[PDB]
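Here's the structure we're looking at; comments come further down.
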Amino acid sequence: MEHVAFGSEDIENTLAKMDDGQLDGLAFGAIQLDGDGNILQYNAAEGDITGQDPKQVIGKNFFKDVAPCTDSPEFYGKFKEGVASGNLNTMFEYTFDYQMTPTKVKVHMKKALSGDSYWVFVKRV
Ligand SMILES: *C(=O)/C=C/c1ccc(O)cc1
């Protein structure tokens with residue numbers, strides 16, 4: 001059985017072997033992006049943090065329309081560096097504040113096993 005948590009050293013392996021219901025049962029927000037930042041998957045925990053339905057944001061561009069506050073060197077910039085290098089794996093604190101009460105979070109971005117895909121994990125702090 002899986003026992004993955006925010007920050008698990010092998011998180012991308014566990015999540016590669018999970019289905020959507022399992023993604024929605026995680027305690028942390030979990031978003032999958034393509035290399036351009038378009039949203040492929042968006043779990044229930046993340047939608048609860050951001051007060052909306054995951055189905056409404058699938059297909060949108062994370063950095064452009066959903067989370068413009070993350071369009072910054074420290075987040076979008078680091079994302080693109082990790083996409084390019086094939087080694088995305090970075091953790092930092094951030095404040096989410098577009099169309100929502102400003103909320104402090106810890107973020108962990110990590111390359112997915114599935115091709116052209118990248119995870120963004122989020123938890124409250
Ligand atoms: C800043 O604009 C961040 C917004 C945000 C972050 C993460 C989400 O899932 C949704 C919006």
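All values below were derived from every heavy atom in this structure, side-chain atoms included, with hydrogens, water molecules and symmetry-related copies excluded. In listed order, ligands and their atoms are each counted from 1. Start at 1 with the first residue, then count along the sequence.
For ligand 1, the protein residues within 4.0 angstrom (heavy atoms only) are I31, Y42, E46, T50, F62, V66, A67, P68, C69, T70, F96, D97, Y98.
Side-chain contact between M18 and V4 is present, with at least one heavy-atom pair separated by less than 4.5 Å. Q52 is listed as a side-chain neighbour of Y42, based on a closest heavy-atom distance under 4.5 Å. Residues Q32 and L15 are not in side-chain contact: their nearest non-hydrogen atoms beyond the backbone lie 4.5 Å or more apart. Side-chain atoms of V122 and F96, non-hydrogen and from C-beta on, do get closer than 4.5 Å to each other.
In summary, the side chains of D24 and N43 do not present any donor paired with an acceptor at a separation below 3.5 Å, with no hydrogens or angles considered.
Identified under the side-chain hydrogen bond (donor to acceptor under 3.5 Å, both in side chains) test for residues 110-125, with sequence neighbours left out: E12-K110.
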